[PDB]
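Protein chains in written order, with this note's numbering: chain S, 27 to 157; chain Y, 65 to 196; chain C, 7 to 63.
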Amino acid sequence: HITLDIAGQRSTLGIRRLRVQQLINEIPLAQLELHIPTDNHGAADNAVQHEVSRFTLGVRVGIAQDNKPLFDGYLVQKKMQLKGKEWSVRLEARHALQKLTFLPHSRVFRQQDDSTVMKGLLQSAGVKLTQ
Amino acid sequence: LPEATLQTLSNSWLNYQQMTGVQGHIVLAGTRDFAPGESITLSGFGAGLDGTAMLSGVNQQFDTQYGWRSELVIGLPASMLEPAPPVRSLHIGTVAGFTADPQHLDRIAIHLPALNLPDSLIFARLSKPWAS
Amino acid sequence: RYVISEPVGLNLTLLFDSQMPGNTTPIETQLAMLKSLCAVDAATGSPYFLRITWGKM
């Protein structure tokens, strides 16, 4: 089935929506959507509070579909709604190319190839170029 | 160099990017007890959303259904992060008499007719081919 | 909450008949007023703001 790993633990919750997006020149992403149950009280009413509090911004998030790796990215932008008795939370997770996108750097790159500029430029996050 | 010391402008851009970190809205019902700088706190909830949040504005929303609903606002949308709004043209101006530089450079006080300011003077730097 | 109060609606059923020998006015002259007053007026383009009344009701 579909198993959401966050920070190494398999994190038994209930996903109502999962959508993994992957394009041709863009950072691939993955939206989750969970439901935190409120109407079933007792021991599993605060034990589900412990499982959502582990969703800090920037954690290893892994999705596995039919015992194959689906997404494997870091977490950004945890939104929660809480309308009425509903209390949903929405996750997003971005690839390792998210470490490259909002910090203005400056280099020069004299006497280098087209590939040696760029494979040393993706290497700052741990992304391994294949070419 | 935008200001005298860049401590305050470095603090200011770091603070205006923090306000984009947590942003949302709390739809309440009908009170005038709130203001855009009140810094309210969420206490009785689960471990996800508990803590003090500083407001950004209030919306009143009178209508037939829903009654009166004072919506609170948290967070600021985005920012351009310019030191000043950029002008990237070449302009021409006339030299303006003589006035010594109070900033103790050798800057030559000119006018700019793109501004309609005949009275006020603008100190400008001089570019020479050689200087040394 | 209270949202809106729907307007009071009145239901009422009538009957006309002109062949019994006390009844001599034809019922089309009596229905040429109900069909007229419960429809859009030619002057303004609106209904007629009726007012129903009974002796002690």
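The beta-carbon is built from N, C-alpha and C at its ideal position, and this holds for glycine as well.
For the region 128-152 of chain Y, the beta-carbon criterion of a distance under 9 Å to any beta-carbon of chain C is satisfied by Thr128, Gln129, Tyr130 and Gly131. Under the Cβ distance rule, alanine 111(Y) counts among the residues neighbouring chain S, one pair being separated by less than 8 Å.
Close CB contacts of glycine 88(Y) within its chain, under the 6 Å cut and outside five residues either way in sequence, are with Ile138 (chain order). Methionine 106(S) sits in a strand when the DSSP states are folded into three classes.
Per DSSP, reduced to three states, the secondary structure at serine 24(C) is coil, with no helix or strand assignment. Distance check between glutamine 57(S) and each of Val102(S), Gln157(S) and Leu129(S) places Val102(S) closest, using alpha-carbon atoms only. Shown here, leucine 70(Y) sits in coil according to DSSP, grouped into three states, outside any helix or strand. Within the DSSP bridge table, the entry for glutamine 91(S) names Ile28(S) and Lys94(S) as partners.
With a beta-carbon spacing of about 18 Å, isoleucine 28(S) and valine 85(S) fall beyond the 8 Å limit used to define contacts. Of the other Cβ atoms in all chains shown, 16 or more fall within 10 Å of the Cβ of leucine 60(S); this residue is therefore buried.
Taking C-beta atoms as the reference points, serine 107(Y) and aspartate 114(Y) count as a pair closer than 8 Å. For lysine 145(S), the CB contacts under 6 Å within the same chain, skipping 5 residues up- and downstream, are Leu155 in chain order. Every alpha helix (DSSP H) of 4 residues or more that sits fully in the region 39-99 of chain S is shown, in chain order, as 69-72 and 75-78. If you look at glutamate 118(S), you'll find it isn't in any alpha helix (DSSP H); it sits in the beta strand (DSSP E) that goes 114-120.
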